[PDB]
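Structural description and commentary
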Amino acid sequence: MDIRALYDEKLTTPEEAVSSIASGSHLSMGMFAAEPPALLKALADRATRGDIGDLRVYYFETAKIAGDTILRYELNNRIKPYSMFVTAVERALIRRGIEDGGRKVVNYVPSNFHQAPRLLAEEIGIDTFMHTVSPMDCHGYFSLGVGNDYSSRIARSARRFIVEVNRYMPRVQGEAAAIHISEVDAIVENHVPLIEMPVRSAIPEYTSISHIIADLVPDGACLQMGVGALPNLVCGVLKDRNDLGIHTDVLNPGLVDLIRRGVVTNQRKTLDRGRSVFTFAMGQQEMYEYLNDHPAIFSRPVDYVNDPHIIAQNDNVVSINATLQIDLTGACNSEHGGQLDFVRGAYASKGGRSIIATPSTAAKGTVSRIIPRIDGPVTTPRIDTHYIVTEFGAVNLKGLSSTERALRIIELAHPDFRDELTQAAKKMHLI
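Residues numbered from 1 in each chain as written, not as in the entry; some residues may be left out. Heavy atoms only, no water.

The record lists X-ray crystallography as the method behind this PDB entry and 2.8170 Å as its resolution.

As summarised here, the arrangement of the 3 strands in space is 17-16-21, forming an open sheet in which the pairing is mixed. Unpaired on one side and paired on the other, strand 17 (332-333) and strand 21 (370-371) mark the two borders of the sheet. Pairing of strand 16 (residues 325-327) with strand 21 involves 2 bridges; the strand directions are parallel. Its bridge partner being in strand 21, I326 is matched across the sheet by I370. (Pairing = 2+ DSSP bridges. Helix = DSSP H or I, 4+ residues; strand = E, 2+ residues; numbered from the N terminus.)

This next bit is on the pattern of salt bridges. A full pass over the atoms with the stated rule returns 17 salt bridges. The salt bridge partner of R46 is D51, with a shortest N-O separation of 3.6 Å. Looking at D51, the relative accessible area reads 49%, which means it is partly exposed. Taking the shortest distance from any N to any O, the salt bridge between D272 and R275 comes out at 3.0 Å. Because the salt bridges share partners, they merge into one network encompassing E175, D272, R275 and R300. (Salt bridge = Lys/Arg side-chain N within 4 Å of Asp/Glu carboxyl O. Buried < 20%, exposed > 50% of the residue type's maximum accessible area, 1.4 Å probe, protein only.)

Bringing the nonpolar core into the picture now. Ranked by size, the top nonpolar core spans 103 residues in total, and within it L43, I70 and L223 carry the most contacts. The element that contributes the greatest number of residues to this core is helix 3 (residues 37-48), accounting for 6 residues. Not counting chain neighbours up to four residues away, the residues in contact with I70 comprise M29, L40, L43, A44, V57, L75 and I79. (Core = buried A, V, L, I, M, F, W, Y, C linked by side-chain atoms within 4.5 Å. Contact = heavy atoms within 4.5 Å.)

Moving on: the sheet that holds strand 1 (residues 26-29). Strand order in this open sheet of 6 strands is 3-2-1-4-6-8, and the pairing throughout is parallel. If you trace the sheet from one side to the other, it starts and ends with strand 3 (79-83) and strand 8 (186-189), each paired once. Sheet twist, expressed as the average angle between the axes of neighbouring strands with direction ignored, equals 25 degrees. When strand 2 (residues 55-59) meets strand 3, the two strands line up parallel, connected through 5 bridges. When the bridges of strand 3 are listed, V57 appears paired with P81. Contacts from helix 3 reach strand 1, strand 2, strand 3, strand 4 (128-133), strand 6 (160-165) and strand 8, with the element oriented near 120 degrees to strand 6. (Axes fitted to C-alpha atoms, helices over the stretch in contact; angles between N-to-C directions.)

The buried count for helix 10 (residues 253-260) comes to 7 of 8 residues, which makes it a mostly enclosed element. Taken together, the buried positions of helix 10 are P253, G254, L255, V256, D257, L258 and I259.

Our next topic: the environment of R72. Counting through the fold element by element, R72 comes out in the loop between helix 4 (64-67) and strand 3. For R72 and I124, which are 52 residues apart along the polypeptide, the C-alpha to C-alpha distance reads 23 Å. What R72 contacts, discounting residues up to four positions off in sequence, is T48, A66 and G67. Within the structure, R72 has its side chain in polar contact with the backbone oxygen of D68 (distance 2.6 Å). (Polar contact = N/O pair within 3.5 Å; in protein donor to acceptor, adjacent residues only side chain to side chain.)

Quick look at the pairing of strand 6 now. For strand 6, a buried count of 5 out of 6 residues is recorded, marking the element as mostly surrounded by other parts of the structure. Where strand 4 meets strand 6, 6 bridges bridge the pair, whose relative direction is parallel. When the sheet's bridge partners are listed, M130 is paired in strand 6 with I162. Relative to strand 8, strand 6 runs parallel, the two sharing 4 bridges. Each bridged residue has a counterpart across the sheet, and for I162 the counterpart in strand 8 is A186.

Following the sequence through the fold, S319 ends up in strand 15 (residues 317-322). The class for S319 is buried, based on a relative accessible area of 0%. Apart from residues no more than four positions distant in its own chain, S319 is found in contact with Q224, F342, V343, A346, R353, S354 and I355.

With that out of the way, let us pick up the layout of surface pockets. Roughly 210 Å³ of volume is contained in the second largest pocket. Going through the elements one at a time, helix 2 (14-18) and strand 6 are the ones with two or more residues in the lining of the second largest pocket. Residue composition of the lining of the second largest pocket, by class: 5 nonpolar, 4 polar and 6 charged. (1 Å grid on protein atoms, 1.4 Å probe; cavity = no way out; pocket = protein on both sides within 12 Å on 5 of 7 lines; lining within 4 Å. Points joined across faces, edges and corners; volume = space filled by probe spheres on them. Nonpolar A, V, L, I, M, F, W, Y, C, P; charged D, E, K, R; others polar.)

What follows concerns unusual backbone geometry. Look at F32: it is not a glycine, yet its phi comes out positive at around 55 degrees. Tracing the sequence through the fold places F32 in the loop between strand 1 and helix 3. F32 gets classed as buried once you look at its relative accessible area, which sits at 7%.

Here's what the structure looks like:
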């Protein structure tokens, strides 16, 4: 029961902490800012020395921290990335693999986000879990801070749990967010700023888009915002609303801003009334600091937060997700997320709306993000799609025929590409 003693017995160095990790094992880690840099550097270095091999890392939503350490292309034969989301980090790796005569260097693991804890703990199994945590408190508890995700489960299902103490990690209240030291296998300390979402200059379509979206947000809305710059910027147009609620997978500066301004009260939610619910956080230092010891912000595991059945129990849910391209059947692609969970959840909510938004064009106006049809697997299938938004308007696709869909979708395209899309639709027998 002496925690100061337990802490010292378990405190060690990053090199020593990762030194026991077996070759041929399964390892996992926290998402994004919760990725532990000192441990990951130490683990990568070990691969470089040739002291570990055939190590599978199972993870979600990469950051530069993993990318510059264990996920560096040079190590791909020893530390094998087994990704479940594809971000920029993997795309670079896939790209390089193709250049090397079609090497498969990233093992995508198809999975629903809301099923992540079960998949990692049971179907796959994780031997070592690593995570950045807030400093131990007077009761011997660490906080997963900006993470709950699948981390709150795997931190316990894993045979070894190694934490990286960082005072820049906010202490965050949440379900299974707190970890007692008795549940920890090793500690290293590393105090550095959390990696930040880059602050991106708004592109001009986002003005039109956001104002379209604002008209689709009813009073007493329960917001979810997806990974992306667009959803974040959209929050800003809701600065004059009141009594909004938050039940989101991603907590971002846009949403946190609405909390700070008291726009969000969570008083009209059915579940978790009074508190804003999130499963992990991406932002900047200003945001990260604000989450510290906040009594009206409450993190919960992904199999709760992203369960479409749970989402739908709040009235007037508004789900706002970005996509890379939409085709004429209304399907959506986000490969050049937990999106589908909230598309489904939002629709089932009493008065709910799933919005998927994108600017209609890319590359200085030269490529269309609205296209005739998508190649292979889609992110949001057409049957599930609800509302889609571009700078040219919004269409509710539920109940529309293949034909009615194609026509309304073409009209959301840039007038340049409309004629050519209409022609494609004819050759495709959608019209």
